[PDB]
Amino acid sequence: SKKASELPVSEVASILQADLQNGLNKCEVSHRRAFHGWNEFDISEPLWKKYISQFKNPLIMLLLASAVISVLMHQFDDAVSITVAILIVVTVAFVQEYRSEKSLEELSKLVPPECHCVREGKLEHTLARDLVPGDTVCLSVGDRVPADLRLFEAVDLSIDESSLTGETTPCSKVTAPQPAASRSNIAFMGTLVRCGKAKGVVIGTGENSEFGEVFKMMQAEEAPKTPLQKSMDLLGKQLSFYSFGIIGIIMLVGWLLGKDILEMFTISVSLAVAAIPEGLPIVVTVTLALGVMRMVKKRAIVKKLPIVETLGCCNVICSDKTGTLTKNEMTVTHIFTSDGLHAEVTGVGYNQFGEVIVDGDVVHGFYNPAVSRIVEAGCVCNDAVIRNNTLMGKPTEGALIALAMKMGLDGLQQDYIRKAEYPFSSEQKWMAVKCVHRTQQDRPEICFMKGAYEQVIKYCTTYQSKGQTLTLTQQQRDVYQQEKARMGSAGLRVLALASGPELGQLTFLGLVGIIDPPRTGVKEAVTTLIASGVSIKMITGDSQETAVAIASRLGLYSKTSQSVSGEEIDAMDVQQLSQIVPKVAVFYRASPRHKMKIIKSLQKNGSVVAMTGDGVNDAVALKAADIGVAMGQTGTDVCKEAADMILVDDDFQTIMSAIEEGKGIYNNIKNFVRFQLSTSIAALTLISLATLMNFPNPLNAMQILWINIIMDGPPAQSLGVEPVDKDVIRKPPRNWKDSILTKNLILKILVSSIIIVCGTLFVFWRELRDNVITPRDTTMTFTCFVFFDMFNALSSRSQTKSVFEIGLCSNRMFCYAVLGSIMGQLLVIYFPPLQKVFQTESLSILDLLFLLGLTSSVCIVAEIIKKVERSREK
């Protein structure tokens, strides 16, 4: 690395076999690949680390402690049943997390880091893993580096240092070799280009690069727990502590009654295992993993887990105009000169193929000096280049070059050679270079400048009319302004071009009409999302009329809408900015600092924002948003790294689905919480009243363990898996607090638990009317509680819908788990060893039917009160 850094580029190409302008032939590519290897360094453990990582959840430690407490008093079946419950919950958590991580890696593999490399001397699009040492690669603005790059030419190259060094300080690269951001001659793995263009050969790939150890370290860190995950860890711990208090009160009431110490210790350990939500963090992890799985199915790369839950709370979606709502395909269509003569331009694309026609006949070369001067100001000025009908740099600069190569003025791009340049910045809104003719070296250098029309007409001094140069006046500014407004209101992006001998001595030449089509599928999407209670906006760097027209064609702009500029948005303080910002749907002439200020102004109001943008201007605002979204086909790698979400199919129907699934996660969680809490309170109050009543306890410790498997295992994880509904999608977005245990939900939980307890007490007292103690009554109440539990599970399947209107075919896992619990209960009734270990004997068919109806009662009452609430809503 350093030895090649102090080595000259010619000596570098002498040490390693390469051609400087023609790249490597594919035979030599395969020859270097057979020895050096691929770009991926070795391999990136699920069998051992991922399975053992689930056992450090605190509720899992406490259930393991209860199991080893049961081991200390040596009952085998209690300990193995607690361990079976623990094994099942960590198994489903591990398999869902593993599947989500594998699908995430598959989708991140599906998009490759693309490279613009000249393998055969022509511009080709290759991947990062296809690169071999010796290949020379062109670097674009906002491109991640393909390999360890040694650059032979660099007119203007800028390399960030935040990837490895961790510093946000800007850094530049020097073409001349340096003896001995350590060395600016050699480009580093992991960095990205923030500005400018350069070309360079590569010295090594894969393991042989020094900077692979930083990537090895960055893979080591685990994903931190989401605020939802910590919140429901708190909820599970507080439910555990409330159940512990209730069970301790039961044990004291039990001690006074004097019931056997060992049997009540088993019943209390069983009740503690049951009522604790061992499956609450596992069901939260299952919901998040399934949400990531759906995002992969919706073609979205989600880097971190909290994005899946913050998309459900989203109520404002900001965006950009080019690259997000318009496809960032730019082409010059109309030319208006400073003379007043107008030209219309032919063709679509970044092509050399088009016609420019004035007054009814075509113009080319140096036929008319105004349009030729405008076109020439559109080739030398652009840093970007067009090679083999492919766009390399930014899409607007290419449009003018496409126009420059349309009119027949390609070679002046090369003839002119620049010395010092003024780079384009989003805050600066203007571009400028001074270059000198190759053939006419005696002629002095002259500056060319392209930028926002207001800044351009501010900077230049004079104008051109009738082929003559005259000083700019106010009426000339007025005619140029009305013309610019006409281009903007027609829907044509405006670039104003001017030329002059020196900066500040420039002269205005005219305008170019750049059109960009709206991205297909955005208008119906934005209509749907606005109909779903979100407020999608438009943050733009372009003019008022362009952004307003594009928002109108897209339907973003109402008939009475307010649009605020950048100077006005930095004029207002934050509170009245927050007041005026929901009315605004079009922001324009906004710098990235303005975009960050809009994002923060909506963030102060409690509104969860989701910036969907593309650009290299400043991706810190994408980190400032609650959700960072970037596009895949036309998306620069800096905003892809900064994004919290990447969509590769580039339709606004997916960000729409992300909010839908983030909403449905909480509904599935509500189903789990309702079901488990209702049966936990039912069993707890059952044991509390009977132990207090002096009656024999209706359920045994093994029976409460089987009830725990029902209440926390796959019958409850099924309710955490249940697919979303379209009607609960149409509900407006919720606040940041989850607000899960609502008053209606707690009322429903108490109603279901009260019906379960009353039915169990009725059957228990009915079998105790003859005042004898037999296992018949305790298996009667065990079967009654188990059937009540599956009926309360079926009642918990949908919060706002009736149990019949949804259907059992929606959730296959619920049907499988219900059938499994029914068959396990019937084996407890029928199998004589299971009869001995559960203190159970067989029952009759009519008794089972009577229990089935008595437990259907809670489902009937549940659908009655849900229909009553729905009719009250109507």
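Residue positions are given as counts along the sequence shown, with the first one as 1.
- In the other compared entries of this protein that model both flanking residues, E805 has coordinates in every one, well short of a third left out.
- Note: missing coordinates for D42 occur in none of the other compared entries bracketing this position, so the one-third threshold is not reached.
- In the deposited entry, the stretch joining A180 to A181 is interrupted by 4 to 9 residues of the deposited sequence lacking coordinates.
- Gap between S844 and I845: none; every deposited residue in this span has coordinates.
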